[PDB]
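S.K.:
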Amino acid sequence: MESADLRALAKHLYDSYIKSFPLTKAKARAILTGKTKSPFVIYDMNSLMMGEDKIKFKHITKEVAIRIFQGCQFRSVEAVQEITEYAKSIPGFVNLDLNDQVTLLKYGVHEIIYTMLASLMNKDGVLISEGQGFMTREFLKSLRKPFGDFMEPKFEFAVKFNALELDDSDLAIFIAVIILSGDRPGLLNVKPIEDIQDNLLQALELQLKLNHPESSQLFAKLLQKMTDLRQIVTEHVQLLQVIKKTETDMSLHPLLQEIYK
Amino acid sequence: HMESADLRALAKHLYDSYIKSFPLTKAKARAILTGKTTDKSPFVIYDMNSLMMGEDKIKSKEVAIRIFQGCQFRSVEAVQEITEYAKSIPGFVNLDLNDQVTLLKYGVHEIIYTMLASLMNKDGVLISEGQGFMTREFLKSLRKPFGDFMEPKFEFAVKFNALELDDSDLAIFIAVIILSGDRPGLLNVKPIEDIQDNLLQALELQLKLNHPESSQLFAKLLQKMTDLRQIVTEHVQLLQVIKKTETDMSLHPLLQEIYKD
Ligand SMILES: O=C(O)c1ccc(-c2nn(C(=O)c3c(Cl)cccc3C(F)(F)F)c3ccc(Cl)cc23)cc1
Ligand SMILES: O=C(O)c1ccc(-c2nn(C(=O)c3c(Cl)cccc3C(F)(F)F)c3ccc(Cl)cc23)cc1
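Top line first, the protein sequences correspond to chains B and A.
Mind the numbering: the first sequence is residues 234 to 269, 272 to 296, 303 to 502 in the authors' numbering, read in order.
Mind the numbering: the second sequence is residues 233 to 291, 302 to 503 in the authors' numbering, read in order.
#1: At a CB distance below 7 Å, what residues from the stretch 464 to 475 of chain A approach chain B? Give them in sequence order.
#2: Compare the C-beta of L428 of chain B with all C-beta atoms of chain A and state if any pair is closer than 8 Å.
#3: Between the stretch 358 to 374 of chain A and the stretch 281 to 290 of chain A, do three or more beta carbon pairs fall short of 8 Å?
#4: Note the first and the last residue of the continuous beta strand (DSSP E) segment covering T377 of chain A.
#5: Would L470 of chain A pass as a contact of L345 of chain A if the rule is Cβ separation under 8 Å?
#6: Verify the CB distance criterion: does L442 of chain B have a CB-CB separation below 8 Å to chain A?
#7: From this set, B:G349, B:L451, B:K462, B:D390, which residue's C-alpha is nearest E446 of chain A's C-alpha?
#8: Please list the partners that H233 of chain A has in chain B, where partner means a Cβ-to-Cβ separation under 8 Å.
#9: Select from A:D271, A:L497, A:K502, A:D390 the residue whose C-alpha is nearest the C-alpha of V318 of chain A.
#10: Ordered along the chain, which non-local residues of its own chain (more than five positions away) have a Cβ less than 7 Å from that of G389 of chain A?
#11: Buried or exposed, going by whether 16 or more other CB atoms sit within 10 Å of the CB of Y501 of chain B?
#12: Between the stretch 347 to 356 of chain B and the stretch 260 to 267 of chain B, do at least 3 Cβ pairs fall closer than 8 Å?
#13: Contact defined as beta carbons within less than 8 Å: I believe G374 of chain A pairs with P274 of chain A. What is the distance between those atoms, to the nearest angstrom?
#14: Run the CB neighbour count on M280 of chain B, radius 10 Å, all protein chains shown included, and call it buried at 16 or more, exposed below.
#15: Please identify the residue among B:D490, B:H494, B:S457, B:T468 whose C-alpha is closest to the C-alpha of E235 of chain A.
#16: Compare the beta carbon distance of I434 of chain B and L339 of chain B with 8 Å and say whether it is the shorter of the two.
#17: Tell me the rounded alpha-carbon separation between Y278 of chain B and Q479 of chain B.
#18: For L429 of chain A, list the residues DSSP reports as bridge partners.
#19: What would DSSP say about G333 of chain B, mapped onto helix, strand or coil?
#20: Note down, in chain order, each residue of its chain lying with its Cβ closer than 7 Å to the Cβ of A359 of chain B, except the 5 sequence neighbours on either side.
#21: Residues in its own chain within less than 8 Å of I290 of chain B by CB, not counting five upstream and five downstream?
#22: Going by DSSP, name the residue or residues bridged to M362 of chain B.
#23: Following the continuous beta strand (DSSP E) through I277 of chain A, name the residue where it begins and the one where it ends.
#24: Can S410 of chain A and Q448 of chain A be called in contact, C-beta distance under 8 Å?
#25: Just verifying my parser: in three-state terms, what is the DSSP assignment at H233 of chain A?
#26: Whole angstroms is fine: what's the gap from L239 of chain A's alpha carbon to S330 of chain A's?
#27: I need the DSSP call for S457 of chain A, collapsed to helix, strand or coil.
#28: Please look up how many angstroms separate the CB atoms of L441 of chain A and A417 of chain A, rounded, as I've assumed it's under 8 Å.
#29: Would you please verify whether the beta carbon of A461 of chain A is less than 8 Å from any beta carbon of chain B?
#30: Find the residues of chain A that neighbour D238 of chain B, judging by a C-beta separation of less than 7 Å, and give them in chain order.
#31: Please determine, among B:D341, B:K252, B:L242, the residue with the shortest C-alpha to C-alpha distance to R425 of chain B.
#32: Tell me where the alpha helix (DSSP H) around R262 of chain B begins and ends.
#33: Under 7 Å: does the beta carbon of residue 296 of chain A sit that close to some heavy atom of ligand 2?
#34: Using the three-state DSSP reduction, which class does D490 of chain A fall into: helix, strand or coil?
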């Protein structure tokens, strides 16, 4: 591709990423610094209750640790629909075989979720409820039984990922790259998938060089983070299997289980 | 950053050391696997009967166990060769001693499976310095847990070999693997990442110059480190299983210490 076509691709994805994801990294950072309506902090059991009364968190219609877990599931399901709409804007994506589109999203949404969750994290906690709340890392770590170690791997990824200091215009391309992974199981026609990823990778490379000229081999260092994402996804699955085998206060309305499957 | 002439000098240095440190190169392995070589033809082991003649021609346990111990013995020799190659990487021996050990502890197996790919095609693997060739089917047919220990390596090899790297490419890539700042327990991450930055720069230039028509080969190679990580994980699980089930069986001290955590 030509240099002007790569910038065009970059600007297109950035615009689409803005339309598809309400809470962008730039907005989340403003909130987390102290540079903008300040968020409601949840740092213990009592300030959780108060936050449910005042903000009426949609991830709270049980036991506290359970309700919080389930609330992350509710938000993940929301994120899936935002990512799915974003995918449709990727040039070439809707022209792929429909089963392949489903297959790419099925395996890619989780890597994307955690990529974008880092945008809402710092070393001390995570923004929730479209940025109206802030749940502290220490309050998450203090949840009983297996729920106390559910978010901590995400935080540890987030601190290292954020050190790369990507902005939304970088991330928009990076997210596209994740979706167009030709190595997903069951793909029927890998060749146009990798053709698109090649254009996205080229565009990501030029974008990082233009936007971070002083950050040597940021492109490679970003690609290596896809190892850290895949590992986090595998560990998450491990935690679910353990939860389903051990916790019985998990079951909800059967219709709820189907929504959250 | 570095100058082009410095990056070519680094690539030339590593390829030279790679030749000196690893007797059985990919180029040698492929010449043996292709043919038109009456002098280089291996003895082919495809069932229990041909294994017995192979003991006589190629040179008190059970077959599945002998085979598995064999691979462990050859993994030890590989660690030796990889260690010798690591000392040649500029900056490596200057690092904190504990970190050198940590980089090798977590690095060697990802390198073993990388270089094992060089000895493989979809139908089998060269053994005994290329004197033998063991079919993938005969390996898959081994009893108990040992029937599945090589198959993940084959599946990786098939996809890794599709990149068509040669030894000079692999010399830099192996260097990048060793100098991973993200290994657990590293004391001084920063001087490790400075080296890997120079190695990444050198690898990128090398791949562009050597495979000018292979678009984004650099990025595609970096994504292979996820497959490496997962093969290692699955091997670790198999060892824990063998330790609880095969009390006869012993391990080289070198491998025992690598495996500890
Ligand atoms: O491990 C997973 O599978 C997982 C975990 C969390 C999210 C996740 N949460 N989130 C919240 O901010 C949130 C909200 Cl909005 C309301 C209530 C609670 C939460 C929170 F506790 F989970 F944090 C997100 C916002 C954006 C995106 Cl992309 C992802 C998330 C996803 C997956
Ligand atoms: O699971 C692991 O961790 C593992 C497995 C195999 C090797 C391994 N074997 N090998 C053999 O030649 C061999 C022998 Cl000697 C006898 C029988 C079978 C084999 C072969 F099928 F595995 F190939 C190698 C040669 C070079 C290198 Cl670098 C690695 C190996 C290492 C680790």
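Built from N, CA and C at the ideal position, the CB exists for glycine as well.
M.R.: Reading off the structure:
#1: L464, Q465, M467, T468, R471
#2: To locate residue 428 of chain B, count along the first sequence from 1; it is residue 187. Closer than 8 Å: no.
#3: The stretch 358 to 374 of chain A, when compared against the stretch 281 to 290 of chain A, does touch it at the 8 Å Cβ threshold.
#4: Here residue 377 of chain A is taken as the residue at index 135 of the second sequence, counted from 1. It spans 374 to 377 - the beta strand (DSSP E) in which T377 of chain A sits, taken as one unbroken run.
#5: As a first step, residue 470 of chain A is located in the second sequence; it is residue number 228 there, counting from the start. As a first step, residue 345 of chain A is located in the second sequence; it is residue number 103 there, counting from the start. Between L470 of chain A and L345 of chain A, the C-beta spacing is not below 8 Å.
#6: As a working note, residue 442 of chain B is residue 201 in the first sequence. Judged by the 8 Å Cβ criterion, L442 of chain B is in contact with chain A.
#7: Position 204 of the second sequence, counting from 1, holds the residue named residue 446 of chain A. Answer by Cα proximity: B:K462.
#8: The sequence position of residue 233 of chain A within the second sequence is 1, counting from 1. Near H233 of chain A (Cβ distances below 8 Å), the residues of chain B are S457.
#9: For the purposes of this step, residue 318 of chain A is taken as residue 76 along the second sequence, with counting starting at 1. Selected option, being the one with the closest Cα: A:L497.
#10: For the purposes of this step, residue 389 of chain A is taken as residue 147 along the second sequence, with counting starting at 1. Cβ neighbours of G389 of chain A beyond the five flanking positions: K382, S383.
#11: Counting from 1 along the first sequence, the entry for residue 501 of chain B is found at position 260. It is exposed - the Cβ of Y501 of chain B has fewer than 16 other Cβ atoms within 10 Å.
#12: no
#13: Against the second sequence, residue 374 of chain A aligns to sequence position 132. Against the second sequence, residue 274 of chain A aligns to sequence position 42. Your pair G374 of chain A and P274 of chain A checks out as a contact, with CB atoms roughly 5 Å apart and the cut at 8 Å.
#14: Working through the first sequence from its first residue, we reach residue 280 of chain B at position 45. Exposed.
#15: Position 3 of the second sequence, counted from the first residue, corresponds to residue 235 of chain A. Closest option to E235 of chain A, Cα to Cα, is B:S457.
#16: Position 193 of the first sequence, counting from 1, holds the residue named residue 434 of chain B. Position 98 of the first sequence, counting from 1, holds the residue named residue 339 of chain B. Not a contact, by the Cβ cut-off of 8 Å.
#17: Numbered from its first residue, the first sequence carries residue 278 of chain B at position 43. Numbered from its first residue, the first sequence carries residue 479 of chain B at position 238. Looking at the two C-alpha atoms, the distance is approximately 27 Å.
#18: Residue numbering aside, residue 429 of chain A sits at position 187 when the second sequence is read from its first letter. Partner(s): none; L429 of chain A has no beta bridge.
#19: Within the first sequence, numbered from 1, the residue matching residue 333 of chain B stands at position 92. Coil, per DSSP.
#20: Residue 359 of chain B sits at position 118 when you count from the first residue of the first sequence. Contacts found: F398, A399, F402, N403.
#21: Counting from 1 along the first sequence, the entry for residue 290 of chain B is found at position 55. Only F275, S370, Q373, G374 meet the Cβ criterion.
#22: Your numbering for residue 362 of chain B matches position 121 in the first sequence. Note: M362 of chain B sits in a beta bridge opposite B:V367.
#23: Position 45 of the second sequence holds residue 277 of chain A. Here the beta strand (DSSP E) through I277 of chain A covers 275 to 277.
#24: As a working mapping, residue 410 of chain A is identified with position 168 in the second sequence. As a working mapping, residue 448 of chain A is identified with position 206 in the second sequence. In contact: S410 of chain A and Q448 of chain A (Cβ atoms closer than 8 Å).
#25: To locate residue 233 of chain A, count along the second sequence from 1; it is residue 1. Three-state result, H233 of chain A: coil.
#26: On the second sequence, residue 239 of chain A is found 7 positions in, with the first residue counted as 1. On the second sequence, residue 330 of chain A is found 88 positions in, with the first residue counted as 1. Within the model, the alpha-carbon separation for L239 of chain A versus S330 of chain A is close to 16 Å.
#27: Reading the second sequence from its first residue, position 215 is the one you call residue 457 of chain A. In the structure shown, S457 of chain A sits in coil (DSSP, three-state: anything other than H, G, I, E or B).
#28: The residue given as residue 441 of chain A occupies position 199 in the second sequence. The residue given as residue 417 of chain A occupies position 175 in the second sequence. Correct: roughly 5 Å between the Cβ atoms.
#29: Within the second sequence, residue 461 of chain A is the residue found at index 219, counting from 1. Interface residue, yes.
#30: Residue numbering aside, residue 238 of chain B sits at position 5 when the first sequence is read from its first letter. Simply none; closest approach about 14 Å.
#31: For the purposes of this step, residue 425 of chain B is taken as residue 184 along the first sequence, with counting starting at 1. It is B:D341 whose Cα lies nearest to the Cα of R425 of chain B.
#32: Reading the first sequence from its first residue, position 29 is the one you call residue 262 of chain B. Residue range 258 to 266 is occupied by the alpha helix (DSSP H) that includes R262 of chain B.
#33: Between 291 and 302 the numbering of chain A has a gap, and residue 296 of chain A falls inside it, with no coordinates.
#34: Here residue 490 of chain A corresponds to residue number 248 of the second sequence, with the count starting at 1. Of the three classes helix, strand and coil, the one that applies to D490 of chain A here is coil, per DSSP.
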